[PDB]
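Scroll down for the structure; my scribbles are underneath it.
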4 protein chains.
Amino acid sequence: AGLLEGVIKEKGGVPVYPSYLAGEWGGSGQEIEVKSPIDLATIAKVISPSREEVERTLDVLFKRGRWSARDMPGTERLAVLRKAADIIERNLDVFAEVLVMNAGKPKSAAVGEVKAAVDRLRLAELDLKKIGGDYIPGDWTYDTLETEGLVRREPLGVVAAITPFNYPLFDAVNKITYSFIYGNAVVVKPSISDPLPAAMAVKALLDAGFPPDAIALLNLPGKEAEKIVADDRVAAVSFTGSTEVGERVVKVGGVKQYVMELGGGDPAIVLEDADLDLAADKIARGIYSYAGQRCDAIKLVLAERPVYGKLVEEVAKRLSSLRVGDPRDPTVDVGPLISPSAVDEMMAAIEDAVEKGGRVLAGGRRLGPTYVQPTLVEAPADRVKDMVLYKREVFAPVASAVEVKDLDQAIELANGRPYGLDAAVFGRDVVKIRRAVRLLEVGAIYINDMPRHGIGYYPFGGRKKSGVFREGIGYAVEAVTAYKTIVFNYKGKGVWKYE
Amino acid sequence: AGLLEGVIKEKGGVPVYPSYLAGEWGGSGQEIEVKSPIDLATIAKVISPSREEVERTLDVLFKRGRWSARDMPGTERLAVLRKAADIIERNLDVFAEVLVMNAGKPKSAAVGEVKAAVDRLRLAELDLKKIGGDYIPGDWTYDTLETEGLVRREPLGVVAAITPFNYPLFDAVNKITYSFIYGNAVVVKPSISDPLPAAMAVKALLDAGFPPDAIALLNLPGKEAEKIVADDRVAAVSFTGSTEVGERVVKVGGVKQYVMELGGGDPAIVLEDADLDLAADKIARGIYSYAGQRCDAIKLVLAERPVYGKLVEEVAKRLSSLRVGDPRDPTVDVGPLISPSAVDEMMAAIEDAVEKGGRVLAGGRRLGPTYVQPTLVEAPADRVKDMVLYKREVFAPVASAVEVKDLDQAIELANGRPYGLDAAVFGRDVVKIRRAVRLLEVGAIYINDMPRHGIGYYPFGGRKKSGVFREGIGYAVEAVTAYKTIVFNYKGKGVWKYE
Amino acid sequence: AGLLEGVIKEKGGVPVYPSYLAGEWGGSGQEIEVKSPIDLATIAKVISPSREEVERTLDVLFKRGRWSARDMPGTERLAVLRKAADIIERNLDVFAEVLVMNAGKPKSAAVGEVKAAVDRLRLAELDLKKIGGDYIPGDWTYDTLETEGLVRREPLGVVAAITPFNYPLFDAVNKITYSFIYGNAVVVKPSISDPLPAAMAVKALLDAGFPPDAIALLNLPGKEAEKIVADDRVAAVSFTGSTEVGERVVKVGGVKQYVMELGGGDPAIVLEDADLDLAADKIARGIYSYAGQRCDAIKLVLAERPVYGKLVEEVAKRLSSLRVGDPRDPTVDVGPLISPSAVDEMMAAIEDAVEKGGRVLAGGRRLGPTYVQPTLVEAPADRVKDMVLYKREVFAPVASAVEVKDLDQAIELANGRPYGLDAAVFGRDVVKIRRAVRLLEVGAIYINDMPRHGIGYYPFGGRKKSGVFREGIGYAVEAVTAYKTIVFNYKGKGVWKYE
Amino acid sequence: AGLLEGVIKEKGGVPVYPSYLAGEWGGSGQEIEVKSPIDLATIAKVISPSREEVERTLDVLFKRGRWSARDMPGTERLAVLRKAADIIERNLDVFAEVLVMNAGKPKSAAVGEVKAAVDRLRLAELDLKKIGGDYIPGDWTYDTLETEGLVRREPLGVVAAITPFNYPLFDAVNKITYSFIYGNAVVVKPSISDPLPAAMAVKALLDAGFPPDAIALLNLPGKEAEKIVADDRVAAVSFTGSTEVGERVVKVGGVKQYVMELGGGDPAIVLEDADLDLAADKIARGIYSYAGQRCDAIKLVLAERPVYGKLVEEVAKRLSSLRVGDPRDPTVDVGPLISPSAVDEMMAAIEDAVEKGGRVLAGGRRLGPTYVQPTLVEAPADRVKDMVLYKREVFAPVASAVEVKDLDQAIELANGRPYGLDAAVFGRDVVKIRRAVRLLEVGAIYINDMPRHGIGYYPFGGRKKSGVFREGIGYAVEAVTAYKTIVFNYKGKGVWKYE
Ligand SMILES: NC(=O)c1ccc[n+]([C@@H]2O[C@H](COP(=O)([O-])OP(=O)(O)OC[C@H]3O[C@@H](n4cnc5c(N)ncnc54)[C@H](OP(=O)(O)O)[C@@H]3O)[C@@H](O)[C@H]2O)c1
Ligand code: NA
Ligand code: NA
Ligand code: NA
Ligand code: NA
């Protein structure tokens, strides 16, 4: 609605959302149904581009787009991003509604994501703490005397932004922002599961002045996107999703610049030192927020003997007092999961933990094809490692709780999972905290708080199976930019006497 | 000889070089013959590790090596690198000899590479202009108030260094240096074509104090290395080689941090402004140095109408006055190519240019299975683009020469190849130079000089098919290092009043 | 008018502007007449604070102000600066009028300064490319093992901003912006000659949300300001003015952080290579803009034999075709000088040049107590050095022109003055330009353009008698900020194994 | 002895040390007696230069020196500094002896300073993490489109290094190192009290290859140095000394770049959280090291109620168990103070504290004209602020001890002195530590350790009366370097399309 006034096709009673082919909205490939996880009902259809349209779109992005983006003064690109922020802001409710409608996101969360997208856009000003270059004098080596170097960052060209389902609006806006602020053209490929928010963001950007040939939004389902990734006109692939799909993306893409935010869960460690009120509060939230459909969601709780009982007790009470229902009730805390399949896996996973010695301390009851109570499962250290909930990321509101002897055991268990995205540590002793910070093999550690990538004010990314590289204001530049070195030779000319 | 005193096996009359399995020299896989391109005679054999030894080596590097490298104080790692420099230096002649023996490198060039390796090691001090981290205050956003960020760079763990044949000693030393200075363990995989220099460097490093379990040298032929690349204990792959093999490496490795120096040739542009003496001199060298077996070798010469004649004339004279023979004669300018196959391709390539309108202006005569004269082939702009010498990188001493109307045509042709490593521009006008610098799509541009990565005093790397990321003192850190973000939450505590 | 609605006192027919005493507008010291250089008529009066009010103001700034500025989140300080930009923008005409009224600035120039002030405020976002800190690992020295360093920049406290007459609005806004963006409180001391624009800027800032106790505007005449400079509650003095007054400021202030932009003229060099059209245009402007009352004004023109004639010819024609009159005529090019005294000095200076062999090539005629034609005086290299116009900065629209043999003589003469603010070089040859850049002893060199500090997009400042330190977006932080180092000792604790 | 073989004049039985006049050792001004604080006996004489020799020396440094230093390739300057390190190292004992002889420094301390000087020299490699420059694109503002900026750091020219008495060798070496590594010429002015170590360092540097006209060592007593400071050929003054002399230096020098390390004492805070063993140990040392003749010496101890008793108890025991005597006994802990006057002030200061309610807890007994026991004086919070030991820096081994209610009172008292050099905080709670770090107004805070500038691995400097700017590896560059901005204008040329 609204922004997509003349774009959306009212056909067969259901709104039809077209792909944006770097110049004109359209598409003539298969139409795909977009369902809401709230009622499993079709809320719209998206037109996927045909193979020829994908080909033509990439051709336009490559031959015209990257130059349109690059030739637009940085000061103007920023203006575009700021105007788009204004547009999204005044259309907040419609944007939030779609997030609730399409992603099953609780009203307040949906509003939070729209605001995050808006802030991210406005902070593009801070993404400049990085586009400056370096000057290198040549007199620190005899071979380089009477020589000089200039190292500048330049945009790579066409960046493919591949987005997961859990933060459809923000991720698209985020990847588009850091790719565009530096002069790249962008091909957005949203999850076919919830591509509507991206269509709205893209539209807002186009209305804001975004070079019409420098951006594309292709509604291609999963494997159909490989055509974009494998193409040589795509210099970089910014991907946020599962470890398995990310692996496939790299293998399909080959040599190319990548940003792989592959998530997985995050462990939380509570030292005997911690404020248990703060810890229980933040840990409970980290477990249930958006029905645990957050890569930075808490999946494992580790607490030392002296505080384990009280901590898990408080977290259990907070979880069980949560209202699960229609994300439309500003009263509901937890909406549905993206699909019934996601819930199936969570139940099977809980069964696995229980079979292996685990005990549910809160939740555990499925409430419908796509509804479940955020669950907390207790587990003995000697058996937790073999449980699916530990070895894998069950994208749902569920976490293991484990009592530990000391910090070293906490760290050991925390590092025992195959992932390494973030980790949380609640405590007050600087030495123990410093040790945890040193030994936790993750991209980010949150001291006295739940893991929260937020809008990327602080850089984040993975270690181990959680991926490579970082996103964040100012740090994402590394993935969508390339250095250009210019060496000047003045040997023999009379510039320098001896140096 | 020398350093490898008790390591090399004198068996069957031929010296047998063993792999270094992160702790002990050995191996029990197939023995492979190492031949000299000077006479095509076997000069040694290398023992490739068996599958179980590769497995065990990776296990050691992962479980012990990365910690030994990381736990060694940076100041000590530097001491090791400096001691190794001392050792290689006093063993210069033996190192140079092997480069001449095994790589067919002219005496002076071999000496140059040993010195480059020595300097690179000693400059590890300058690789520190990057291991420092960032402090991020949280008051530039309301959501981050009473919060702070600390971003540190940490080593990734186990880096796989894969080296090409053309600079066996330097590349190994270089990749080991920047991987180790930051705390990584390293698995070196040299070209089976000339693995001897690496064995000597590794030995020198081990004698210098390099953690014995933090380094490995595996003599595995081509595809046998995929076992190292595909392994999850290898967090990064530093690869220098052909575009095609690099592509295979990424597809085999999957998600991982990469540095892909994929070479290709470099075009040289001469403006009517240029000092033609300097230009002819540098361009001639760029074409023939090490029989053109340099990724930064000149493969295409573009000169404006008014200077084309004189320029190509002078370059032709310099090339034809070159002495081709045994790299052992301090009198020889050009030794043999690495293999007769390499020469076959160069002759076929020349034939192609001639068939398509090209004309040899110098050289063109094969002198033996692995010897050829550095060749310069003239070609009309209207036909050069379809010639193999243009569309491809013929790793040999051969370059196309093309007359152009103006800078724009020079740039067009320069950018018309599928590669984008470096480019050279000879001229004096700041505006034309600035324009060339803006439009040349390459990782590095050399003003008034031949392209020379040298020891990486200035960062270099590719665009387009020449790869991704950069090597260079201080810049290589990006590929073998990862950020670790630590966010401290002080909300509610009495640290800050309002900010 | 406007913003100062309830502030300005309508007394005795003339508007009376009060000082802002960090909380309330007022003052009870001597009232001082403010005259326009357009007609020498009193246009207003300013109330200077009494000694007790200065004392009380400093006390407030120190005891409350620096905390109010520091405790306001950076994100809020930026909001204040942006709101103030909005206010000044919608009040553009009134701001421009006062600049014309009070400074005798040509209409378009006045509009340019208001816009510059507005842009400077809005770019405060880019002043953040510097408030981030550094993290220093301790393992690069054995003595520092198991130790770490955190280096943050903090505001100094109370910064005294002392402004000259030539850019009353911008300078005040500029110094306030970079002092405040980082958390400092500010005491503005404008030239008693034209303090009105500052009063308006300060008012706009206060209306924008600027902490009322964190800013002060004291209308103190010259030496009366020493009371502010000498006070220990003033941690930094940002001063832009004459070399002689700056010297006095430091001697009165003692140990303290300083930014001394002491101006002086700038020499312009034209190589036989230069586009003479561009050169004549830019040089003419550099000589006359704002009746040469610009620290970055061109005061000496040096051109090589082959272009000297044409260059000076064209510059002379441009100068003589200038309309001198009331800055109110959008038709006038040059308004009056700030005072008749300034004109007296310019005439005496011209007389000196003529007596010493100089010859007027354009202008030279005084048109009134405060009006004169922008003048160009030719002079032989062998005598120019002893002329007052060379040895000194005659703040007026006048410049010496001198023919030179080659670049070396140009540089010699350019460096022969006691100043070293900027220098301009018109030419195209990279080698000659690089040499000029190396040998010109100045803070900034402009290639193919007149010197233009502008809003400080690029940092600028002096060498030799032109002062110390730099202003500019991102660079001014050094003068109003201080480092705070935090060293953490973990020796003996179990954080690190060996490193 | 040794290095000064042919330099020192054996006249009248006492060794006569000449000034180094930037080219030749000599001098013809008054000869001055240099006494040892060990026995008050003359151990040598130094020749101060005459006014004409000072004039000539400055002329040489300015006209030749700054170019010799600047024209020497950075790589060579580093070689010089490293060679000098080698020379000082092999002459360690002689250097240490002079420190013991001339400064009354305990044997181990003297050895520590020689080693510090040696390390500082060798770490000059790390002073390079700063001489690189910045490249600034012009498309972030419309006015700067088609424009670019290059900002390089250049040496200022002649730096005057003024050294205090307490670390004669290190300070001279340190200031010379960071001034020279960047290309400056240096005039060293050591304390006439102990100028011998500087003469030896300078000699070692000259033997190492230091440009003979780029360095000078003038033995001028106190006020006689103003001639160097006030001279316009001296672009920067690096001064370490008393607040009062520093003030005089700035007032004599006028506009110039300064580094003012003005010391004062440091307060130490111990939270109920602290390891009291570590705290007592470090605090005791901080109080007595080099008889408290350290700017980073502990002068005030603040401990919370619950640990005050035990802490002060342990510190008292450590102090009273100290052996005071001839610094030559590797058995002595504390040698003499620099002069009997220094001891007089310490006794008077103790008397003052006692008269105002203070009580000596350890030491307090004078042992000779220049010997005293390191003293610890207890004082009630309600009276400590008026005691001389609090309000002033009594350069001697003496500190006040004060019990406090909580962190806020500790901070209040810590900030109540007029100085702000460093501060120490022993404790473990991250929140309390973070708060202390925020509120302590000092240049450096040491967590769980005594303040130790060391060789400047971490930057340090003052706040309030302790001075301005910082010294430290990599940070000292700001004081002896200046930016040079080069702006290139390409407006109208065909470099850029629109951006
Ligand atoms: N971009 C740069 O900075 C740069 C610098 C120097 C050279 N180069 C390029 O490198 C080439 C010269 O070296 P080269 O001819 O020896 O090229 P190459 O064949 O591409 O070198 C490949 C390296 O990878 C190993 N390898 C081969 N197949 C592999 C596989 N399937 N999996 C894992 N590793 C494998 C090779 O070992 P084996 O030798 O045992 O097969 C060799 O050590 C040229 O194309 C040149 O342009 C680029
Ligand atoms: Na590919
Ligand atoms: Na993989
Ligand atoms: Na003062
Ligand atoms: Na002065």
Side-chain angles (χ1 to χ4, degrees), chain A residues 143, chain B residues 1-4 7-8 14-15 17 33-46 84-121 161-177 188-205 217 219 240-241 285 288-297 323-325 327-339 342 370-371 395-397 452-456:
Chain A
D143 284 328
Chain B
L3 292 171
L4 292 169
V7 184
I8 298 177
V14 194
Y17 285 65
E33 291 185 299
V34 179
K35 303 175 183 177
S36 169
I38 298 182
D39 51 32
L40 293 69
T42 300
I43 64 179
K45 270 181 176 175
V46 286
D86 285 341
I87 298 180
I88 297 180
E89 188 170 62
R90 61 163 163 276
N91 284 290
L92 164 44
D93 298 307
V94 193
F95 274 85
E97 283 162 32
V98 185
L99 286 179
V100 175
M101 235 179 271
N102 200 182
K105 193 162 294 193
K107 172 68 179 173
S108 67
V111 169
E113 185 177 333
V114 175
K115 288 184 177 180
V118 166
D119 288 339
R120 181 65 187 87
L121 284 162
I162 297 185
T163 292
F165 82 83
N166 66 318
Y167 278 86
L169 178 59
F170 180 77
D171 287 346
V173 170
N174 180 48
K175 293 183 187 306
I176 291 171
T177 301
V188 183
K189 148 72 181 74
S191 177
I192 204 66
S193 170
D194 60 338
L196 304 185
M200 305 187 284
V202 171
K203 178 63 188 185
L205 286 151
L217 175 61
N219 303 308
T240 295
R285 283 208 176 59
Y288 79 75
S289 275
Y290 188 33
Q293 304 181 117
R294 280 156 43 72
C295 62
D296 47 349
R323 199 207 203 197
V324 183
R328 298 178 281 219
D329 302 41
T331 308
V332 169
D333 297 303
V334 182
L337 267 65
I338 203 55
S339 81
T370 66
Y371 294 83
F395 220 50
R452 207 191 87 176
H453 295 166
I455 58 174

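In the text below, chain A, chain B and the rest are named by the order of the sequence lines, each starting its count at 1.
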Taking B:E113 for its side chain and B:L169 for its backbone only, find out whether a donor-acceptor pair lies under 3.5 Å. yes
Indicate yes or no for a side-chain donor-acceptor contact from B:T42 to the backbone of B:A44 under 3.5 Å, with no hydrogens or angles considered. no
For B:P327 and B:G104 the tightest heavy-atom approach is CB-O, 3.7 Å
Would you say B:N219's side chain and B:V46's backbone share a donor-acceptor pair under 3.5 angstrom? no
B:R323 backbone acceptor or donor facing B:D333 side chain under 3.5 Å: yes
Would you check if the side chain of B:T163 reaches a backbone N or O of B:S191 as a donor-acceptor pair within less than 3.5 Å? no
Rounded distance (nearest 0.5 Å) linking atom CG of B:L196 with atom CG of B:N102: 4.5 Å
What pairs meet the side chain to side chain donor-acceptor pair (under 3.5 Å) rule with one or both residues in residues 89-101 of chain B, with sequence neighbours excluded? B:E89-B:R122
Do you know which two heavy atoms are closest between B:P106 and B:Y290, and how far apart they sit? CD-CD1, 4.3 Å
B:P168 and B:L99: which non-hydrogen atoms are nearest, and at how many Å? CG-CD2, 3.6 Å
If you compare all heavy atoms of B:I43 against all heavy atoms of B:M101, which two are closest, and at what distance to 0.1 Å? CD1-C, 4.4 Å
How far apart are the closest heavy atoms of B:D296 and B:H453, and which atoms are they? OD2-N, 2.9 Å
4.5 Å side-chain heavy-atom contact, B:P197 and B:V114: no
Could you check if a side-chain atom of B:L205 sits within less than 4.5 angstrom of a side-chain atom of B:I176, using non-hydrogen atoms only? yes
Distance from B:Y17 atom OH to B:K45 atom NZ, nearest 0.5 Å? 14.5 Å
Main chain of B:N166, side chain of B:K105: is a donor-acceptor contact present, judged purely on distance under 3.5 Å? yes
Less than 4.5 Å apart, any side-chain heavy atom of B:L121 and any of B:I88? yes
Sorted by chain and residue number, the ring pair (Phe, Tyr, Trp, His ring centres under 6.0 Å) partners of B:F395 (sequence neighbours excluded) come out as B:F165
Pairwise distance OG1(B:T370) to CD1(B:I38) - rounded to 0.5 angstrom: 8.5 Å
Atom pair CG (B:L40) and NZ (B:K35), whose distance is rounded to the nearest 0.5 Å: 7.5 Å
Closest contact, heavy atoms only, B:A201 versus B:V173: CB-CG2, 3.9 Å
By the salt bridge (charged side-chain N to carboxylate O under 4.0 Å, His left out) test, which pairs, at least two apart or in different chains, include something from residues 162-176 of chain B? B:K175-B:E471
Does the side chain of B:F95 come within less than 4.5 Å of B:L3's, by heavy atoms? yes
So, B:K107 and B:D329, do they make that salt bridge, N to O below 4.0 Å? no
